[PDB]
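Q: Provided herewith is a single structure, encoded as structure tokens, for subsequent inquiry.
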Amino acid sequence: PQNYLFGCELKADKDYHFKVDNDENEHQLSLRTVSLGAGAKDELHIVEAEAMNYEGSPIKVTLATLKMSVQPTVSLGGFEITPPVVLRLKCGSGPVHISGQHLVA
Amino acid sequence: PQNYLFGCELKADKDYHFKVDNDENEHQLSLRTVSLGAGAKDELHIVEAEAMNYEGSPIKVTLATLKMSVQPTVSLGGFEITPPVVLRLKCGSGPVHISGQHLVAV
Amino acid sequence: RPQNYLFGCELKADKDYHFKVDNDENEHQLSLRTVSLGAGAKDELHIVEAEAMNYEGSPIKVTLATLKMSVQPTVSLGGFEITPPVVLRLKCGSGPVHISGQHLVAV
Amino acid sequence: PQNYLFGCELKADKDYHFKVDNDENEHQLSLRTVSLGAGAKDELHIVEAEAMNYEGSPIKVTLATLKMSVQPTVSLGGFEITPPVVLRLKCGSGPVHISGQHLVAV
Amino acid sequence: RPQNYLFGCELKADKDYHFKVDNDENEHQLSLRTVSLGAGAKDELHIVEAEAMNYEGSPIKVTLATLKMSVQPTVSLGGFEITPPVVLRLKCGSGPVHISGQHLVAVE
Ligand SMILES: [Co+2]
Ligand SMILES: [Co+2]
Ligand SMILES: [Co+2]
Ligand SMILES: [Co+2]
Ligand SMILES: [Co+2]
């Protein structure tokens with residue numbers, strides 16, 4: 001597939017909606033790293049993703065639990081998710097950075 | 001191969017059974033991360049998966065050992081398991097979250 | 001796609017694990033995923049080794065992971081495939097140490 | 001596809017440009033690890049990559065947050081990016097090292 | 001699918017590792033999996049580097065991992081493939097540091 005860089009920043013009041021325009025193209029979001037930004041203090045941060053499960057209902061899943069003094073970056077190794085996907089902070093002020101690839105076949 | 005989002009929550013008194021209707025061989029659970037929940041205490045948490053070995057018997061294996069002050073998240077990198085699978089906390093009260101993909105072959 | 005079965009074992013000082021497959025027409029691989037310390041392990045260094053054949057036709061020993069409860073209780077290997085036979089053991093530390101992975105069989 | 005080793009060192013005010021090559025081959029940069037170098041201090045380091053998004057515009061993303069006393073190395077597992085790519089330290093003085101593979105389809 | 005053999009080496013301030021082959025280098029890949037501090041390693045910074053050919057055809061040195069016993073004694077590289085010849089060495093620290101991985105061989 002074609003491969004484009006993806007990223008976003010999450011905050012307590014800022015989520016991210018990944019949606020792709022309808023067309024003759026199949027899209028995947030492949031998540032790589034979740035990293036705490038400066039401004040996360042030392043509070044617990046939990047990042048969640050919401051998208052469709054196999055049985056056709058939205059589910060919310062926890063991608064990572066981070067804390068600056070313990071584990072500031074988690075590497076997901078290319079966690080692919082079919083859009084639409086919402087990414088949000090379940091707790092923590094943020095910022096939390098997300099990186100990955102937007103794959104198009 | 002279609003790809004759907006998967007996750008579950010585990011607690012001391014709550015496991016998770018991943019099962020599929022008919023063609024178990026066309027389905028794979030691909031585990032990504034095991035994460036401690038908000039509200040988990042700082043005790044040792046150990047997560048276990050139970051599924052079939054080649055010899056045809058269920059076996060119990062340890063997926064991850066976590067502790068809030070040391071390692072609150074473990075990334076498994078797409079550990080595929082053929083259903084049925086049971087996921088449970090062997091140790092700790094949780095909540096512990098698991099995320100991954102439910103992959104379906106065509 | 002190969003068939004995929006679950007694999008795991010527990011290691012202790014003086015308790016290793018021999019993974020071997022019976023003869024057949026198929027190709028087998030052991031794909032190692034995680035190494036994790038178990039409850040009650042001493043908070044000391046644990047070193048896990050794997051033994052299997054090298055390219056030159058001799059069994060060799062390699063270190064898969066170094067773990068310690070208060071620092072790094074789990075290491076994820078990401079699917080380290082090894083052709084059987086494989087012997088897994090603790091080179092040091094009390095254990096218990098758990099290993100998980102997949103037994104892949106291509107027909 | 002041919003496989004070549006790639007690496008760079010980043011510092012404050014010292015970034016890296018992985019440039020479109022002057023050939024008609026297909027190229028990918030696949031990032032493997034980001035690691036703090038000797039002499040890096042214990043401040044937060046944030047490493048960023050800039051490259052083209054799906055819509056055609058350049059974007060800046062965070063690859064890793066590192067701190068010597070907590071997490072001196074992050075493994076990305078083969079994060080492929082299409083050139084051109086700029087790698088830089090957003091925060092921290094470094095040195096920070098990046099390693100990976102230059103993949104070429106000829 | 002390539003033949004898949006086990007690979008490992010030990011590094012020390014004392015000792016590096018040269019991975020080389022006598023036949024066609026392009027049929028071989030070293031796929032690195034883990035870098036781990038050994039028993040006997042102290043708590044100083046350890047930095048492991050690899051040296052191998054870049055696209056332009058000259059040798060380049062890269063850092064594979066930075067380890068410290070009290071912080072991060074093992075780094076998993078997830079199958080970092082390199083074409084021989086390759087040299088692995090400690091740039092910093094006295095070790096021992098162990099490396100494990102796969103030696104992959106293309107079948108003609
Ligand atoms: Co919203
Ligand atoms: Co049950
Ligand atoms: Co034995
Ligand atoms: Co510049
Ligand atoms: Co030498």
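Each chain in the structure tokens gets a letter, A, B, ..., in the order shown, and its residues are numbered from 1; ligands are numbered from 1 in order too.
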Name the residues, by chain letter and number, that sit within 7 Å of ligand 1 using only C-alpha atoms and all ligand atoms, and give them as a short mmCIF file (atom, residue, chain, number, x, y, z; two decimals) with N, CA and C atoms, in the first residue's frame.

A:
```
data_model
loop_
_atom_site.label_atom_id
_atom_site.label_comp_id
_atom_site.auth_asym_id
_atom_site.auth_seq_id
_atom_site.Cartn_x
_atom_site.Cartn_y
_atom_site.Cartn_z
N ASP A 15 -9.56 15.84 21.37
CA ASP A 15 -9.41 14.49 20.84
C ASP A 15 -9.06 14.57 19.36
N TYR A 16 -9.06 13.42 18.69
CA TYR A 16 -8.76 13.40 17.28
C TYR A 16 -9.66 12.40 16.56
N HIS A 17 -10.28 12.85 15.48
CA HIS A 17 -11.15 12.02 14.67
C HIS A 17 -10.48 11.72 13.34
#
```

Q: Which residues of chain B sit at most 12 Å from chain A, using only C-alpha atoms? Give each one's shortest atom pair and distance in Å (one decimal place), in chain and ascending residue order, as a Markdown table.

A:
```
| residue | atom | partner | partner_atom | distance |
| --- | --- | --- | --- | --- |
| B:1 | CA | A:82 | CA | 11.9 |
| B:2 | CA | A:82 | CA | 8.9 |
| B:3 | CA | A:82 | CA | 6.7 |
| B:4 | CA | A:53 | CA | 5.1 |
| B:5 | CA | A:53 | CA | 4.9 |
| B:6 | CA | A:53 | CA | 6.1 |
| B:7 | CA | A:61 | CA | 5.2 |
| B:8 | CA | A:61 | CA | 7.2 |
| B:9 | CA | A:61 | CA | 8.8 |
| B:18 | CA | A:54 | CA | 11.7 |
| B:19 | CA | A:54 | CA | 11.7 |
| B:20 | CA | A:54 | CA | 10.2 |
| B:21 | CA | A:55 | CA | 11.5 |
| B:27 | CA | A:54 | CA | 10.6 |
| B:28 | CA | A:54 | CA | 11.7 |
| B:29 | CA | A:54 | CA | 11.1 |
| B:30 | CA | A:79 | CA | 9.6 |
| B:31 | CA | A:79 | CA | 9.5 |
| B:32 | CA | A:76 | CA | 6.9 |
| B:33 | CA | A:63 | CA | 6.4 |
| B:34 | CA | A:64 | CA | 7.8 |
| B:35 | CA | A:65 | CA | 5.8 |
| B:36 | CA | A:65 | CA | 6.5 |
| B:37 | CA | A:65 | CA | 7.4 |
| B:38 | CA | A:46 | CA | 7.6 |
| B:39 | CA | A:44 | CA | 10.3 |
| B:40 | CA | A:65 | CA | 11.2 |
| B:66 | CA | A:65 | CA | 11.1 |
| B:67 | CA | A:70 | CA | 10.3 |
| B:68 | CA | A:70 | CA | 8.3 |
| B:69 | CA | A:70 | CA | 6.4 |
| B:70 | CA | A:70 | CA | 6.1 |
| B:71 | CA | A:71 | CA | 6.9 |
| B:72 | CA | A:65 | CA | 6.1 |
| B:73 | CA | A:65 | CA | 5.8 |
| B:74 | CA | A:74 | CA | 8.1 |
| B:75 | CA | A:76 | CA | 6.0 |
| B:76 | CA | A:76 | CA | 7.9 |
| B:77 | CA | A:77 | CA | 5.5 |
| B:78 | CA | A:79 | CA | 7.7 |
| B:79 | CA | A:77 | CA | 11.2 |
| B:95 | CA | A:62 | CA | 11.3 |
| B:96 | CA | A:62 | CA | 9.4 |
| B:97 | CA | A:62 | CA | 6.2 |
| B:98 | CA | A:62 | CA | 7.0 |
| B:99 | CA | A:61 | CA | 5.9 |
| B:100 | CA | A:79 | CA | 7.6 |
| B:101 | CA | A:80 | CA | 7.7 |
| B:102 | CA | A:54 | CA | 6.9 |
| B:103 | CA | A:54 | CA | 8.8 |
| B:104 | CA | A:54 | CA | 9.0 |
```

Q: Hey, can you spit out that residue selection with N, CA and C atoms as a short mmCIF file (atom, residue, chain, number, x, y, z; two decimals), in the first residue's frame?

A:
```cif
data_model
loop_
_atom_site.label_atom_id
_atom_site.label_comp_id
_atom_site.auth_asym_id
_atom_site.auth_seq_id
_atom_site.Cartn_x
_atom_site.Cartn_y
_atom_site.Cartn_z
N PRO B 1 -7.94 -10.00 4.18
CA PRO B 1 -8.07 -10.21 5.63
C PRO B 1 -8.61 -8.97 6.35
N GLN B 2 -9.89 -9.00 6.69
CA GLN B 2 -10.51 -7.87 7.37
C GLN B 2 -9.97 -7.70 8.78
N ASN B 3 -10.05 -6.48 9.27
CA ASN B 3 -9.43 -6.08 10.51
C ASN B 3 -10.42 -5.28 11.35
N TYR B 4 -10.76 -5.77 12.53
CA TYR B 4 -11.68 -5.06 13.43
C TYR B 4 -10.98 -4.79 14.74
N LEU B 5 -11.43 -3.77 15.46
CA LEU B 5 -10.78 -3.42 16.72
C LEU B 5 -11.26 -4.36 17.81
N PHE B 6 -10.34 -4.78 18.67
CA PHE B 6 -10.70 -5.62 19.81
C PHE B 6 -10.19 -5.03 21.12
N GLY B 7 -10.96 -5.19 22.18
CA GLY B 7 -10.43 -4.90 23.51
C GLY B 7 -11.28 -5.56 24.56
N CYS B 8 -10.74 -5.66 25.77
CA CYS B 8 -11.50 -6.15 26.92
C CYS B 8 -10.90 -5.61 28.21
N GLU B 9 -11.69 -5.69 29.27
CA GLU B 9 -11.23 -5.32 30.59
C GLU B 9 -11.21 -6.56 31.49
N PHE B 18 -13.04 -15.14 24.39
CA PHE B 18 -13.10 -14.77 22.98
C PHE B 18 -13.47 -16.01 22.19
N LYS B 19 -14.66 -16.00 21.60
CA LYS B 19 -15.11 -17.14 20.81
C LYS B 19 -15.75 -16.70 19.49
N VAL B 20 -15.72 -17.58 18.51
CA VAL B 20 -16.32 -17.26 17.22
C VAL B 20 -17.30 -18.35 16.80
N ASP B 21 -18.14 -18.03 15.83
CA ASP B 21 -19.28 -18.88 15.50
C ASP B 21 -18.92 -20.26 14.93
N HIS B 27 -10.33 -16.97 11.82
CA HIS B 27 -10.25 -15.85 12.75
C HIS B 27 -8.96 -15.91 13.59
N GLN B 28 -8.36 -14.75 13.84
CA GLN B 28 -7.22 -14.66 14.73
C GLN B 28 -7.44 -13.45 15.64
N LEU B 29 -7.17 -13.62 16.93
CA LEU B 29 -7.08 -12.49 17.84
C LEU B 29 -5.62 -12.06 17.87
N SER B 30 -5.32 -10.83 17.47
CA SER B 30 -3.93 -10.35 17.47
C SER B 30 -3.77 -9.33 18.58
N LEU B 31 -3.13 -9.74 19.68
CA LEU B 31 -3.04 -8.87 20.85
C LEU B 31 -1.95 -7.83 20.68
N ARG B 32 -2.29 -6.60 21.05
CA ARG B 32 -1.36 -5.47 20.94
C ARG B 32 -0.82 -5.02 22.28
N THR B 33 -1.64 -4.38 23.10
CA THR B 33 -1.14 -3.88 24.38
C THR B 33 -1.94 -4.41 25.56
N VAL B 34 -1.23 -4.56 26.67
CA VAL B 34 -1.82 -4.88 27.96
C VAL B 34 -1.47 -3.70 28.84
N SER B 35 -2.48 -3.07 29.43
CA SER B 35 -2.30 -1.79 30.13
C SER B 35 -3.03 -1.80 31.46
N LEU B 36 -2.42 -1.25 32.49
CA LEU B 36 -3.15 -1.07 33.74
C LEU B 36 -4.18 0.06 33.64
N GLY B 37 -5.31 -0.13 34.30
CA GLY B 37 -6.38 0.85 34.22
C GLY B 37 -6.18 1.96 35.23
N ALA B 38 -6.91 3.05 35.03
CA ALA B 38 -7.02 4.08 36.03
C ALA B 38 -7.68 3.35 37.18
N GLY B 39 -7.21 3.57 38.39
CA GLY B 39 -7.82 2.88 39.51
C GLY B 39 -7.22 1.53 39.87
N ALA B 40 -6.31 1.01 39.05
CA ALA B 40 -5.54 -0.16 39.47
C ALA B 40 -4.57 0.25 40.58
N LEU B 66 2.88 -6.82 34.97
CA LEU B 66 2.83 -5.34 35.00
C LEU B 66 2.81 -4.84 36.44
N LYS B 67 3.28 -3.62 36.65
CA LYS B 67 3.22 -2.97 37.96
C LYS B 67 3.24 -1.48 37.69
N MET B 68 2.35 -0.75 38.35
CA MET B 68 2.16 0.66 38.02
C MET B 68 3.44 1.48 38.15
N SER B 69 4.25 1.19 39.17
CA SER B 69 5.45 1.99 39.38
C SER B 69 6.67 1.57 38.54
N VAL B 70 6.52 0.49 37.77
CA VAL B 70 7.64 -0.08 37.03
C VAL B 70 7.37 -0.19 35.52
N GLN B 71 6.20 -0.73 35.17
CA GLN B 71 5.87 -1.05 33.78
C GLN B 71 4.34 -1.16 33.68
N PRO B 72 3.66 -0.02 33.48
CA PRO B 72 2.19 -0.06 33.44
C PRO B 72 1.63 -0.56 32.10
N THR B 73 2.45 -0.60 31.05
CA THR B 73 1.98 -1.08 29.74
C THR B 73 3.00 -2.02 29.13
N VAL B 74 2.51 -3.10 28.52
CA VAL B 74 3.38 -3.99 27.76
C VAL B 74 2.83 -4.06 26.35
N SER B 75 3.70 -3.90 25.37
CA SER B 75 3.29 -3.98 23.97
C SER B 75 3.71 -5.33 23.38
N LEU B 76 2.75 -6.09 22.86
CA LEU B 76 3.00 -7.46 22.41
C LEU B 76 3.33 -7.59 20.92
N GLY B 77 3.08 -6.53 20.17
CA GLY B 77 3.48 -6.51 18.77
C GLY B 77 2.66 -7.39 17.84
N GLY B 78 1.43 -7.71 18.21
CA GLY B 78 0.60 -8.51 17.32
C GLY B 78 0.80 -10.00 17.58
N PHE B 79 0.47 -10.42 18.79
CA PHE B 79 0.62 -11.82 19.22
C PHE B 79 -0.68 -12.49 18.82
N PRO B 95 -8.46 -2.83 37.45
CA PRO B 95 -8.71 -3.31 36.08
C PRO B 95 -7.45 -3.35 35.22
N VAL B 96 -7.38 -4.31 34.31
CA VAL B 96 -6.30 -4.35 33.33
C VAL B 96 -6.99 -4.39 31.97
N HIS B 97 -6.48 -3.62 31.03
CA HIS B 97 -7.08 -3.56 29.71
C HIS B 97 -6.22 -4.28 28.71
N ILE B 98 -6.87 -4.89 27.73
CA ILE B 98 -6.14 -5.52 26.64
C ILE B 98 -6.69 -4.90 25.35
N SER B 99 -5.81 -4.58 24.41
CA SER B 99 -6.25 -4.12 23.10
C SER B 99 -5.64 -4.96 22.01
N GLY B 100 -6.27 -4.97 20.84
CA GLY B 100 -5.72 -5.73 19.73
C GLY B 100 -6.62 -5.65 18.51
N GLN B 101 -6.42 -6.58 17.58
CA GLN B 101 -7.21 -6.65 16.37
C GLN B 101 -7.87 -8.02 16.32
N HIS B 102 -9.09 -8.05 15.81
CA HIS B 102 -9.77 -9.29 15.46
C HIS B 102 -9.63 -9.38 13.94
N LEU B 103 -8.83 -10.33 13.47
CA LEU B 103 -8.52 -10.46 12.04
C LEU B 103 -9.35 -11.59 11.47
N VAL B 104 -9.86 -11.37 10.26
CA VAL B 104 -10.76 -12.32 9.62
C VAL B 104 -10.29 -12.59 8.19
#
```

Q: If you measure from atom CA of residue 64 of chain C to atom CA of residue 48 of chain C, what distance in Å do you get, rounded to one decimal?

A: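 Taking atom CA of residue 64 of chain C as the start and atom CA of residue 48 of chain C as the end point, the length is 5.6 Å.
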
Q: Within 12 Å of segment 51-53 of chain B, counting only C-alpha atoms, which residues show up once you throw out same-chain ones fewer than 5 positions away? Write them as a compact mmCIF listing (two decimals) with N, CA and C atoms, in the first residue's frame, please.

A:
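Just written: out.txt:
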```
# COMPACT_ATOMS: atom_id res chain seq x y z
N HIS B 17 -13.86 -14.28 27.57
CA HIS B 17 -13.88 -15.41 26.64
C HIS B 17 -14.06 -14.92 25.21
N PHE B 18 -13.04 -15.14 24.39
CA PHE B 18 -13.10 -14.77 22.98
C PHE B 18 -13.47 -16.01 22.19
N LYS B 19 -14.66 -16.00 21.60
CA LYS B 19 -15.11 -17.14 20.81
C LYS B 19 -15.75 -16.70 19.49
N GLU B 24 -13.30 -21.21 13.12
CA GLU B 24 -12.31 -20.64 14.03
C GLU B 24 -10.97 -20.42 13.33
N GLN B 28 -8.36 -14.75 13.84
CA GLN B 28 -7.22 -14.66 14.73
C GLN B 28 -7.44 -13.45 15.64
N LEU B 29 -7.17 -13.62 16.93
CA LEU B 29 -7.08 -12.49 17.84
C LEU B 29 -5.62 -12.06 17.87
N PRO B 58 -5.74 -27.58 26.07
CA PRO B 58 -5.65 -26.18 26.46
C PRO B 58 -4.37 -26.00 27.24
N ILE B 59 -3.68 -24.89 27.01
CA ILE B 59 -2.54 -24.56 27.85
C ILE B 59 -2.68 -23.14 28.32
N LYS B 60 -2.20 -22.90 29.54
CA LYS B 60 -2.23 -21.55 30.12
C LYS B 60 -0.87 -20.90 30.01
N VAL B 61 -0.81 -19.70 29.46
CA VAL B 61 0.47 -19.02 29.32
C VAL B 61 0.39 -17.61 29.88
N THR B 62 1.53 -17.10 30.29
CA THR B 62 1.60 -15.74 30.82
C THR B 62 1.89 -14.77 29.69
N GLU B 80 -0.63 -13.28 17.74
CA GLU B 80 -1.84 -13.90 17.21
C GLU B 80 -2.17 -15.20 17.94
N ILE B 81 -3.45 -15.37 18.28
CA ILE B 81 -3.95 -16.58 18.93
C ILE B 81 -5.25 -17.01 18.25
N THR B 82 -5.38 -18.31 17.98
CA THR B 82 -6.59 -18.82 17.33
C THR B 82 -7.66 -19.04 18.39
N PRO B 83 -8.89 -18.54 18.16
CA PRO B 83 -9.93 -18.78 19.17
C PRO B 83 -10.32 -20.27 19.23
N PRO B 84 -10.92 -20.71 20.34
CA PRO B 84 -11.29 -19.90 21.49
C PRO B 84 -10.11 -19.58 22.41
N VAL B 85 -10.16 -18.42 23.04
CA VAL B 85 -9.14 -18.02 24.00
C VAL B 85 -9.81 -17.47 25.23
N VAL B 86 -9.27 -17.80 26.39
CA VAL B 86 -9.69 -17.12 27.61
C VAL B 86 -8.56 -16.21 28.08
N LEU B 87 -8.91 -14.99 28.46
CA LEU B 87 -7.95 -14.05 29.04
C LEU B 87 -8.35 -13.80 30.49
N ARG B 88 -7.39 -13.83 31.41
CA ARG B 88 -7.72 -13.63 32.82
C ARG B 88 -6.56 -13.05 33.59
N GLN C 3 -0.65 -22.81 10.31
CA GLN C 3 -1.54 -22.99 11.43
C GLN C 3 -0.82 -22.46 12.65
N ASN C 4 -1.59 -21.97 13.61
CA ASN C 4 -1.03 -21.23 14.72
C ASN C 4 -1.54 -21.79 16.05
N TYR C 5 -0.64 -22.32 16.87
CA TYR C 5 -1.02 -22.89 18.15
C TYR C 5 -0.31 -22.14 19.28
N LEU C 6 -0.90 -22.15 20.48
CA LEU C 6 -0.31 -21.38 21.58
C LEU C 6 0.82 -22.18 22.20
N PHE C 7 1.85 -21.47 22.65
CA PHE C 7 2.98 -22.09 23.31
C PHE C 7 3.31 -21.33 24.60
N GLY C 8 3.70 -22.05 25.64
CA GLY C 8 4.24 -21.42 26.85
C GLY C 8 5.00 -22.42 27.70
N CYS C 9 5.86 -21.90 28.57
CA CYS C 9 6.55 -22.77 29.51
C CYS C 9 6.97 -21.94 30.70
N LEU C 30 9.07 -22.16 16.26
CA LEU C 30 8.68 -21.62 17.56
C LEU C 30 8.83 -20.11 17.49
N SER C 100 6.06 -17.02 26.67
CA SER C 100 4.90 -17.29 25.81
C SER C 100 5.29 -17.15 24.36
N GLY C 101 4.49 -17.74 23.47
CA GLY C 101 4.76 -17.59 22.06
C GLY C 101 3.78 -18.42 21.25
N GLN C 102 4.14 -18.66 20.00
CA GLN C 102 3.28 -19.39 19.08
C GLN C 102 4.09 -20.56 18.54
N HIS C 103 3.41 -21.68 18.34
CA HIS C 103 3.96 -22.81 17.59
C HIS C 103 3.30 -22.73 16.22
N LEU C 104 4.09 -22.41 15.19
CA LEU C 104 3.60 -22.28 13.81
C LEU C 104 3.89 -23.55 13.03
N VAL C 105 2.89 -24.01 12.27
CA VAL C 105 3.05 -25.22 11.48
C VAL C 105 2.58 -24.94 10.05
```

Q: Give as a ChimeraX atom specification the residues surrounding ligand 3 up to a distance of 8 Å, considering only C-alpha atoms and all ligand atoms.

A: /C:15-18,87,89

Q: Generate the output file for the selected residues, N, CA and C atoms, as a PDB file, in the first residue's frame.

A:
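Output contents, as saved in selection_24.pdb:
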```
ATOM      1  N   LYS C  15      15.365 -25.876  36.113  1.00  0.00           N
ATOM      2  CA  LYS C  15      14.232 -26.457  35.399  1.00  0.00           C
ATOM      3  C   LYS C  15      14.154 -25.776  34.042  1.00  0.00           C
ATOM      4  N   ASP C  16      14.603 -26.464  33.004  1.00  0.00           N
ATOM      5  CA  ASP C  16      14.592 -25.880  31.664  1.00  0.00           C
ATOM      6  C   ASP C  16      13.421 -26.398  30.857  1.00  0.00           C
ATOM      7  N   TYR C  17      13.435 -26.128  29.558  1.00  0.00           N
ATOM      8  CA  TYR C  17      12.363 -26.612  28.721  1.00  0.00           C
ATOM      9  C   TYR C  17      12.938 -26.995  27.376  1.00  0.00           C
ATOM     10  N   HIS C  18      12.648 -28.221  26.946  1.00  0.00           N
ATOM     11  CA  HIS C  18      13.053 -28.697  25.620  1.00  0.00           C
ATOM     12  C   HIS C  18      11.856 -28.691  24.680  1.00  0.00           C
ATOM     13  N   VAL C  87      16.136 -25.356  23.195  1.00  0.00           N
ATOM     14  CA  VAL C  87      16.131 -25.540  24.644  1.00  0.00           C
ATOM     15  C   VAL C  87      16.110 -24.151  25.253  1.00  0.00           C
ATOM     16  N   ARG C  89      16.378 -21.975  28.891  1.00  0.00           N
ATOM     17  CA  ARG C  89      16.792 -22.092  30.295  1.00  0.00           C
ATOM     18  C   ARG C  89      17.125 -20.755  30.939  1.00  0.00           C
TER      19      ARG C  89
END
```

Q: Hey, what does DSSP flag as strand (DSSP E or B) within chain B? Can you give it to me as a ChimeraX atom specification?

A: /B:2-11,14,16-18,27-36,45-52,58-67,71,73-81,85-91,96-104

Q: Produce a file of the selected residues containing C-alpha atoms, as a PDB file, in the first residue's frame.

A:
```pdb
ATOM      1  CA  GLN B   2     -10.510  -7.872   7.372  1.00  0.00           C
ATOM      2  CA  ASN B   3      -9.430  -6.081  10.514  1.00  0.00           C
ATOM      3  CA  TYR B   4     -11.676  -5.064  13.426  1.00  0.00           C
ATOM      4  CA  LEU B   5     -10.784  -3.417  16.716  1.00  0.00           C
ATOM      5  CA  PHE B   6     -10.697  -5.619  19.807  1.00  0.00           C
ATOM      6  CA  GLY B   7     -10.432  -4.901  23.507  1.00  0.00           C
ATOM      7  CA  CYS B   8     -11.497  -6.147  26.916  1.00  0.00           C
ATOM      8  CA  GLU B   9     -11.226  -5.322  30.594  1.00  0.00           C
ATOM      9  CA  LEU B  10      -9.995  -7.831  33.174  1.00  0.00           C
ATOM     10  CA  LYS B  11     -10.470  -7.779  36.936  1.00  0.00           C
ATOM     11  CA  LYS B  14     -13.930 -10.930  35.597  1.00  0.00           C
ATOM     12  CA  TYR B  16     -12.872 -12.649  29.057  1.00  0.00           C
ATOM     13  CA  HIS B  17     -13.878 -15.409  26.636  1.00  0.00           C
ATOM     14  CA  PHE B  18     -13.104 -14.771  22.980  1.00  0.00           C
ATOM     15  CA  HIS B  27     -10.251 -15.846  12.754  1.00  0.00           C
ATOM     16  CA  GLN B  28      -7.218 -14.658  14.730  1.00  0.00           C
ATOM     17  CA  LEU B  29      -7.078 -12.493  17.845  1.00  0.00           C
ATOM     18  CA  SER B  30      -3.932 -10.355  17.470  1.00  0.00           C
ATOM     19  CA  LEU B  31      -3.038  -8.867  20.853  1.00  0.00           C
ATOM     20  CA  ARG B  32      -1.363  -5.471  20.944  1.00  0.00           C
ATOM     21  CA  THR B  33      -1.142  -3.883  24.377  1.00  0.00           C
ATOM     22  CA  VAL B  34      -1.817  -4.875  27.957  1.00  0.00           C
ATOM     23  CA  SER B  35      -2.299  -1.793  30.130  1.00  0.00           C
ATOM     24  CA  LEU B  36      -3.151  -1.074  33.741  1.00  0.00           C
ATOM     25  CA  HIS B  45      -0.518  -7.854  37.918  1.00  0.00           C
ATOM     26  CA  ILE B  46      -0.059 -10.929  35.781  1.00  0.00           C
ATOM     27  CA  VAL B  47      -2.190 -11.592  32.740  1.00  0.00           C
ATOM     28  CA  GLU B  48      -2.727 -15.098  31.367  1.00  0.00           C
ATOM     29  CA  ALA B  49      -4.155 -16.519  28.134  1.00  0.00           C
ATOM     30  CA  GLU B  50      -5.527 -20.032  27.716  1.00  0.00           C
ATOM     31  CA  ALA B  51      -5.912 -21.710  24.322  1.00  0.00           C
ATOM     32  CA  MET B  52      -5.010 -24.904  22.439  1.00  0.00           C
ATOM     33  CA  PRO B  58      -5.648 -26.178  26.464  1.00  0.00           C
ATOM     34  CA  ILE B  59      -2.539 -24.561  27.850  1.00  0.00           C
ATOM     35  CA  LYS B  60      -2.234 -21.554  30.121  1.00  0.00           C
ATOM     36  CA  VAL B  61       0.470 -19.021  29.320  1.00  0.00           C
ATOM     37  CA  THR B  62       1.596 -15.736  30.818  1.00  0.00           C
ATOM     38  CA  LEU B  63       1.215 -12.764  28.490  1.00  0.00           C
ATOM     39  CA  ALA B  64       2.614 -10.037  30.765  1.00  0.00           C
ATOM     40  CA  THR B  65       3.660  -9.004  34.252  1.00  0.00           C
ATOM     41  CA  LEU B  66       2.833  -5.341  35.000  1.00  0.00           C
ATOM     42  CA  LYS B  67       3.224  -2.973  37.959  1.00  0.00           C
ATOM     43  CA  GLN B  71       5.875  -1.054  33.783  1.00  0.00           C
ATOM     44  CA  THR B  73       1.975  -1.079  29.737  1.00  0.00           C
ATOM     45  CA  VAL B  74       3.375  -3.987  27.765  1.00  0.00           C
ATOM     46  CA  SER B  75       3.288  -3.983  23.968  1.00  0.00           C
ATOM     47  CA  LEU B  76       3.002  -7.462  22.405  1.00  0.00           C
ATOM     48  CA  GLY B  77       3.481  -6.511  18.769  1.00  0.00           C
ATOM     49  CA  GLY B  78       0.596  -8.512  17.318  1.00  0.00           C
ATOM     50  CA  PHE B  79       0.620 -11.816  19.221  1.00  0.00           C
ATOM     51  CA  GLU B  80      -1.844 -13.901  17.209  1.00  0.00           C
ATOM     52  CA  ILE B  81      -3.947 -16.580  18.925  1.00  0.00           C
ATOM     53  CA  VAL B  85      -9.136 -18.021  23.995  1.00  0.00           C
ATOM     54  CA  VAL B  86      -9.694 -17.124  27.610  1.00  0.00           C
ATOM     55  CA  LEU B  87      -7.951 -14.051  29.040  1.00  0.00           C
ATOM     56  CA  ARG B  88      -7.725 -13.626  32.816  1.00  0.00           C
ATOM     57  CA  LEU B  89      -5.840 -11.997  35.672  1.00  0.00           C
ATOM     58  CA  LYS B  90      -3.750 -14.576  37.467  1.00  0.00           C
ATOM     59  CA  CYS B  91      -2.511 -12.010  39.914  1.00  0.00           C
ATOM     60  CA  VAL B  96      -6.305  -4.348  33.331  1.00  0.00           C
ATOM     61  CA  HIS B  97      -7.085  -3.560  29.708  1.00  0.00           C
ATOM     62  CA  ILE B  98      -6.143  -5.515  26.636  1.00  0.00           C
ATOM     63  CA  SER B  99      -6.254  -4.116  23.101  1.00  0.00           C
ATOM     64  CA  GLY B 100      -5.720  -5.730  19.726  1.00  0.00           C
ATOM     65  CA  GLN B 101      -7.215  -6.655  16.367  1.00  0.00           C
ATOM     66  CA  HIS B 102      -9.771  -9.287  15.455  1.00  0.00           C
ATOM     67  CA  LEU B 103      -8.516 -10.458  12.044  1.00  0.00           C
ATOM     68  CA  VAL B 104     -10.763 -12.323   9.618  1.00  0.00           C
TER      69      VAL B 104
END
```

Q: For chain D fitted to chain B over all Cα atoms in order, what RMSD does a least-squares superposition give?

A: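 C-alpha RMSD, chain D fitted to chain B: 1.2 Å.
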
Q: Dump as number ranges by chain the residues of chain E that approach chain A to within 12 Å, counting only C-alpha atoms.

A: E: 71-72, 76-79
